[PDB]
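Letter by letter, the chains look like this.
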Amino acid sequence: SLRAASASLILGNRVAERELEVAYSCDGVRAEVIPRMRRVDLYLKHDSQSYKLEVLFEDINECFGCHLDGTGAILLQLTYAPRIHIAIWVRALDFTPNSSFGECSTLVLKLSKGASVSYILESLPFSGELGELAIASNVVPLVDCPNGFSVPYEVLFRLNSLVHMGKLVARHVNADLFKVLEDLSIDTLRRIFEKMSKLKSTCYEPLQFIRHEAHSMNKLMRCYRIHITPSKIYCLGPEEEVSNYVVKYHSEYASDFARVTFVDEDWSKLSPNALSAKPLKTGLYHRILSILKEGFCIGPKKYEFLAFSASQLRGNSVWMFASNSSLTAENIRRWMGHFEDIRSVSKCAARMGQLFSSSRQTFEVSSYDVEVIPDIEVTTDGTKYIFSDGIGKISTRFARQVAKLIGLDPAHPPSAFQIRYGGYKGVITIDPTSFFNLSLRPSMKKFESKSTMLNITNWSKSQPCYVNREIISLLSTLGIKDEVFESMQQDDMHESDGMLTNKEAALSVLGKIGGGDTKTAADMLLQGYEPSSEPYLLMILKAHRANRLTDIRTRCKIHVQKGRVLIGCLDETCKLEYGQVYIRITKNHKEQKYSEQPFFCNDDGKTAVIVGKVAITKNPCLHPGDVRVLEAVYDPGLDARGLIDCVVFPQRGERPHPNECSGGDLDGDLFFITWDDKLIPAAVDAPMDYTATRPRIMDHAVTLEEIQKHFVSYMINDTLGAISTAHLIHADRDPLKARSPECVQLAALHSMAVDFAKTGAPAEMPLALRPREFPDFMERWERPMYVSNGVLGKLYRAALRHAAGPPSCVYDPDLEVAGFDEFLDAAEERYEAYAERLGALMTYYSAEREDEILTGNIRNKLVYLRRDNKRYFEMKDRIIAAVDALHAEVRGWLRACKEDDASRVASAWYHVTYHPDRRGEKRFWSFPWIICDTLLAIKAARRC
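What counts as what
- Residues numbered from 1 in each chain as written, not as in the entry; some residues may be left out.
- Heavy atoms only, no water.
- Helix = DSSP H or I, 4+ residues; strand = E, 2+ residues; numbered from the N terminus.
- Rg over C-alpha atoms; globule rule 2.2 N^0.38 Å.
- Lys, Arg positive; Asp, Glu negative; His and termini not counted.
- Charge placed at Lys NZ, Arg CZ, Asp CG, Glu CD.
- Expected span 1.5 Å × (residues − 1).
- Buried < 20%, exposed > 50% of the residue type's maximum accessible area, 1.4 Å probe, protein only.
- Contact = heavy atoms within 4.5 Å.
- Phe/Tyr/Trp six-rings, centres within 6.5 Å; stacked < 30°, edge-to-face > 60°.
- Disulfide = S-S within 2.5 Å.
- Core = buried A, V, L, I, M, F, W, Y, C linked by side-chain atoms within 4.5 Å.
- Domains from an automatic or database assignment.
- Axes fitted to C-alpha atoms, helices over the stretch in contact; angles between N-to-C directions.
- Parallel < 35°, antiparallel > 145°, perpendicular 65-115°, else oblique.
- Left-handed = near helix turned anticlockwise from the far one by under 90°.
- Nonpolar A, V, L, I, M, F, W, Y, C, P; charged D, E, K, R; others polar.
- Pairing = 2+ DSSP bridges.
- 1 Å grid on protein atoms, 1.4 Å probe; cavity = no way out; pocket = protein on both sides within 12 Å on 5 of 7 lines; lining within 4 Å.
- Points joined across faces, edges and corners; volume = space filled by probe spheres on them.
- Salt bridge = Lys/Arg side-chain N within 4 Å of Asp/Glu carboxyl O.

Per the deposition metadata, X-ray crystallography was the technique used to determine this entry, at a resolution of 3.1000 Å.

For the chain, the count of helices and strands is 29 helices and 37 strands. Relative to the 2.2 N^0.38 estimate, which gives 30 Å for 944 residues, the radius of gyration of the chain is 30 Å and therefore close to what a compact globule would have. Charged side chains in the chain number 117 positive and 122 negative. The centres of these two groups are separated by 2 Å.

What follows covers helix α23 (residues 741-759). In this model α23 runs 26 Å from its N-terminal to its C-terminal C-alpha over 19 residues, within 8% of the 27 Å that 1.5 Å per residue would give. Along α23, the positions that sit buried rather than exposed are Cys743, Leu746, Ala747, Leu749, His750, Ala753, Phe756, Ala757 and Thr759. On its buried side, α23 packs onto α9 (310-314), α11 (345-353), α21 (704-717) and α22 (720-733). Directly after α23, the chain includes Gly760, whose backbone phi takes a positive value near 70 degrees.

Within this structure, the stated rule accounts for 38 aromatic pairs. Residues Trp267 and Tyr864 carry aromatic rings whose centres are separated by 5.4 Å and whose planes lie at 75 degrees to one another, so their mutual orientation is edge-to-face. With respect to class, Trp267 is no different from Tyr864; both count as buried. Residues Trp909 and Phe927 carry aromatic rings whose centres are separated by 4.9 Å and whose planes lie at 40 degrees to one another, so their mutual orientation is tilted. With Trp909 in helix α28 (residues 899-914) and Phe927 in the loop between α28 and α29 (932-943), the pair connects residues that are 18 residues apart, well separated along the chain.

Enumeration according to the criterion identifies one disulfide in this entry. Across the disulfide, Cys569 is cross-linked to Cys646 (sulfur-sulfur distance 2.1 Å). Note that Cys569 is positioned in strand β28 (residues 559-570) and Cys646 in strand β34 (residues 646-649), a separation of 77 residues in sequence. Grouping residues by exposure puts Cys569 and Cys646 together as buried. Here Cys465 is not cross-linked by a disulfide; its sulfur's nearest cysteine counterpart is in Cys621, at 12 Å. Given a relative accessible area of 0%, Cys465 falls into the buried group. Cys621 supplies the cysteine sulfur nearest to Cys743, a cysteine that is in no disulfide, at a spacing of 13 Å. Relative accessible area serves as the criterion here: at 0%, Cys743 is assigned to the buried category.

Moving on, we get to the nonpolar core. Ranked by internal contacts, the top residues of the largest apolar core, which has 68 residues, are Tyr536, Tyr834, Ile853, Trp909 and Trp929. Tallying contributions element by element places helix α27 (residues 869-896) first for this core, with nine residues. Viewed by domain, this core spans two of them, domain 2 (153-341) and domain 6 (813-943), each represented by three or more residues. Discounting chain neighbours no more than four positions away, the residues touching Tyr834 are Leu854, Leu886, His887, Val890, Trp893, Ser926, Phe927 and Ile930. Among the nonpolar cores identified, the runner-up in size contains 63 residues, and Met320, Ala322, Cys348 and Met352 belong to it.

Here the focus is the packing of helix α25 (residues 824-844) against α28. Relative orientation of the contacting elements α25 and α28 amounts to 70 degrees, with a least axis distance of 9 Å. Taken together, the axes of α25 and α28 are roughly perpendicular relative to one another. Taken as a pair, α25 and α28 cross one another with a handedness that is right-handed. Seen from α25, the contacting residues are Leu824, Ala827, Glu828 and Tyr831; seen from α28, they are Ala908, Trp909, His911, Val912 and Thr913. Of the residues in the contact of α25 with α28, the class split is six nonpolar, two polar and one charged.

Let us now look at the sheet that holds strand β26 (residues 453-459). Taken in spatial order, the seven strands of this open sheet run β18-β26-β23-β24-β22-β25-β19, and their pairing is mixed. What marks the edges here is a single partner per strand, and that holds for β18 (360-364) and β19 (370-372). Adjacent strand axes in the sheet meet at a mean angle of 35 degrees when their direction is disregarded. Note: strand β23 (residues 416-421) against strand β24 (residues 424-430), six bridges, orientation antiparallel. The residue of β24 that forms the bridge with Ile419 is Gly426. Helix α12 (residues 396-405) contacts β18, β22 (391-394), β23, β24, β25 (438-440) and β26 of the sheet and is inclined by roughly 140 degrees relative to β18.

Extensive coverage of strand β5 (residues 60-68) is indicated by the burial of seven of its nine residues. As paired elements, β5 and strand β6 (residues 71-78) share eight bridges and run antiparallel to each other. The residue of β6 that forms the bridge with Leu68 is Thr71. Turn length for the β5-β6 hairpin, with the two strands adjacent in sequence and antiparallel, is two residues, and the turn residue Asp69 shows positive phi of about 45 degrees. Two elements, β5 and strand β10 (residues 127-129), share three bridges in a ladder whose sense is parallel. Residue pairing for β10: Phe64 is matched across the bridge by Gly128.

Roughly 160 Å³ of volume is contained in the largest cavity. What lines the largest cavity is a set of 14 residues, among which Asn13, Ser105, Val163, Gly166 and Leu168 lie closest to the centre. Going through the elements one at a time, β1 (3-14) and α3 (153-165) are the ones with two or more residues in the lining of the largest cavity. When grouped by side-chain class, the residues that make up the lining of the largest cavity number five nonpolar, six polar and three charged. Counting contributing residues per domain, the lining of the largest cavity is built from domain 1 (3-136) and domain 2 (153-341), each supplying no fewer than three.

Here the focus is the sheet that holds strand β13 (residues 233-241). Pairing is mixed across the open sheet formed by six strands, whose spatial order is β13-β12-β14-β17-β16-β15. Looking at which strands have only one partner, the edges of the open sheet turn out to be β13 and β15 (297-298). Where strand β12 (residues 221-228) lies against β13, seven bridges are found, and the strand directions are antiparallel. Across the sheet, the residue bridging to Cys223 is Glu239, located in β13.

Moving on, we come to unusual backbone geometry. The omega torsion of the bond from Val140 to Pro141 falls at 15 degrees, within 30 degrees of zero and hence cis. Note on placement: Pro141 falls in the loop between β11 (134-136) and α3. A cis geometry characterises the amide bond from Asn619 onward to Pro620, with omega recorded as 0 degrees. Examined against the element boundaries, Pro620 turns out to sit in the loop between β32 (613-618) and β33 (628-632). The backbone of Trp267 shows a phi angle near 70 degrees, a positive value even though the residue is not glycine. When you line up the elements, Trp267 lands in the loop between β14 (257-262) and α8 (284-294).

Turning to the side chain of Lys167, a few remarks are in order. You can see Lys167 is positioned in the loop between α3 and α4 (175-183). Once you skip the residues sitting within four places of it in the chain, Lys167 turns out to touch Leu162, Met196, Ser197, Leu199, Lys200, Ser201, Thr202 and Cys203.

Per the stated rule, a full pass over the model turns up 56 salt bridges. Where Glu58 meets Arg38, a salt bridge forms, and the shortest distance between an N and an O atom there is 2.6 Å. Remark: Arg38 occurs in the loop between β2 (20-34) and β3 (39-46) and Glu58 occurs in the loop between β4 (49-56) and β5; sequence separation between them is 20 residues. Judged by relative accessible area, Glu58 falls into the partly exposed class, the value being 30%. For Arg38, a relative accessible area of 44% gives the class partly exposed. In this structure, the salt-bridge partner of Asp900 is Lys898, at a minimum N-O distance of 3.5 Å.

Spelled out as C-alpha cells, the structure:
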C-alpha cells in the first residue's frame, strides 16, 4: 500500500502542456507515498542540511506520468506549495537559493534506472500520461507592468491572482499581452478574467483567449486581500465587502488599502507549532515579522503596515497601506486619534484597531449634542466593579433617525446600538427621557479623536435561542438531566426533517433563520407553493434543513424554543435591584399562536414580558456559575420606556450580573437566556473570582515595532482553542464534570487567554493536559478516539443515527400577467445578466450549487475553512452580504419600469425562467423570486 521510490527532484513551470522550464533541480531525493495519511513525504538533502517536504493529495491539482530524457517521471501541478521542515523536524521557509518553491507551481520527480512510474502512480489520485522534455533558465511570485504601459491597478492585481492560482503563466504576462489589455476595457476586462478563472488547468495561450472572447464582445467596496504563505503570496481578486469607517473615509485612496493574512500553504491557520519547537524560534516567524516591518511591494504600490482590528488579530490578519505623497499610513493613524499617550503596546494595537471594525456610517455628531455622564461603580469586598462598563444612551428621536439611515424602520427602532464614535466603543441604549442625542460614559472612551462620525457596528435583534457544547456541559454539571437535551434535539431534528413534508414546520424552521431566502420562501409557502411543485422552494428547504442538521451534529447547535439570545442593556431607572432582570421580547411565529403562557405576563398583543425564573450565560463559558439564575420581573417604568429585545440588568447590588457571567461587560456582548423550566439549574455555583491581570507600564511610547512583535507573539502563544478543547474533553469524561480540578485548572487559563489579546499576558498550557486522545464527538479523524460516556456523546450518536420522480417544475399559469410577451426579449437580457453575475460569485467563493451561494452555506468546504470555523463564518457573512447587494441591484432593475408598467414585467421574468420552452439551459431558479413581493401580490389578486 505504502510506496517508496528514489528520484531526483525537479522544480519549474510548464510553458505548454508538455514543455517544462526548470528553475531548480536536486539529486538524492527519497520519496514516500503514504495513502493513509493522504500525503507525499519527500526526503531531501541540500547544501549541507537535510530537509523534509510535505505534499498533500488535496494540494495536487493534476497528476501525470511522463517521459524525461530516457527515464520515466511523475509530474505534479500544484495548487498549493509543499510544506517544509528542517532537521535540528521543524518547519522552515523556501531554502533554495532563488526562492524557486515560491516562484514555480509545477514539480517533477525524475525516477531513474528501473522505475515503473505506474507502480508509484497506483496509489495516487487519477493520473494521465504525457511524455515530453523540458528547457532550462521579497515576496514572490509576482508580476509587474512593463515600463511602457499603464494599466489600472485592479488589472495588474487580477493578472497576478490568476498567475498565483496557476491559471496564467508569468512569462506570458508580457508587453505583448498588455497592449491588448490597454485597448481593453476595465469592466469587460475583469469580466474576461472571471471566465479565465473557471478553467480546469493552466492556460498557455492567453492572448489568443483574451482576444478570442474580446472579439465576441458580448453599497459595497472592492477589497484587496493578500495571503502571505511561508513560501508564497496570493493575491485575492478584489471582492466586494462591507467597509469600515477608516477605509471608507479615505475613499479616494481605497485602492491603496489592502488586507494581509498570514497563513500556511493551503491558507490553513498557522499552527503555533510552525513558529516554535525549550521553544526555538523557527524561520517562519521571522518571515512574517519581516514582512510587517519592511513591508512588501506590488506594482506601483509599496505597502506599509497600518493597523489591525481587534478581530483581525485573532484572525491573524492585518490592515496594510500603500503610502504615497498624498497620504501615508502614519497620517491615517494620527488622523484616527491620539495614541501617543497610552502606555501598553497591547491595548495600543487594540485602540488603533477600534475604528476598523466593519460598520455603517450615520450622522456626524457635535460635541454640544454629546453628554458625558458619570459611571455607576460599586465596591464590594475590596474589588471595584463597574455596572455601566461600555454602555451609554441615545435619544429616542435620534434613534429613529439613525435607524432610518441604516435601512431599518424609523417608526420602530432598535432598542440598543453597538457603535464606534471617535474613541468611544460600546453600546448606547434608548432613553426617552434623555435630553441629549448621545449620552456617553467614561467607560466607553478609549482615546481622543477628532472624528465625530457616529458608526454603528450592530443593533438589538431578537435572535432565536441555541445551546452549544460549552453551555450543555455546564448545564449538565449543574444538574440538568441528559434526557431534556436528548428531547430538545429529537424535536429539533424532526422539525428539520419536517420542512420537506409540512408547511407549518417549514415556516417555523425558516423562522429560526435570518436571510433573504428565509422570508422569500416563507412568503412563497404562505401563498401555497410546495417543494415538489416549486423548484426554488425545494432548493431552499433542502439546503437549510441540511445545514441545520449538520449544525446539530457538529456544533450541538440545538434550538431552544423557550428563550432568546439578546444584548445586555442597563437599567437606567434604578428601580431594579440585584437578583432580577427585565426582558421584553418581540413574539416569534409560535409564541404568537399560543401566547397565554406562564412565563409571559404583560401582553402587548404582539410582544410580551418574561416573568419566570431564567438561566443566563455568556459565550465562552468554561466555569460553572457563569450560568446565573435570576428572576424575571415586571417593572411598569421599563414597560413605558419601550426597551425591547434586550435583557435589562440591575444598576444596584453587590456585583453587576454581566460580570458574574464570564467576563461581565456591557460592550455589545450577547447573552444566552432561557426560561425553559427543564433547563434552569436548581442551584447555582458561585461566580468566578475577579481577575488579577495587570498590563504594566514602560518608558517608551509604543513603537510600531512592538505592535508588530505583539501580533506575532499572539500567533505563537494563542491557546484559546487548545484550552477550550481540552476543557470540553475533561468536562465530558471526568466524574466531577466541569468542576474536576483539571477543568478548574484549565478554565483559569482560559480567562488569561481571552485577556491575552489586550493585556499581553500569555496563557501557558501544561504539556500534561494536552490530550492525545480525542472524543467521539469532536470528529478529529486524524487522531486517536474514544467513545464518550457523557451527554455530548449521547447527543452525537443520536444525531448520527437520525441521518439514516417527485421533484418537478410546474409552470404556474396563474402567475401570468396579461400584457406579458412584451418584454421577454428584454427579460432574457437581464436574466442572463443576473445569471452570470451570480456565476462569478459562485466561482470565486467555490460555490457550485445555487443553494450554497443563496444560503451562504458551502456544502463542500475547502481545506482551510473546515477546522477554522470563524473565518468560514466570516465568509458566509460576506457571501450573503454580496448576494444581498446583487438582489438589491436586481429589485433595482424593476424600479426603473413604469409603475404601471413593471408588474407585467416580472411576469415576463417568471415565464422566461420557468417556461419549458423559453428557458432551455438556464441553470437558475433564483431570479424571478427576487420580486416575490410583486409576484405574490399578483398571484393573490387573481386567486379569489
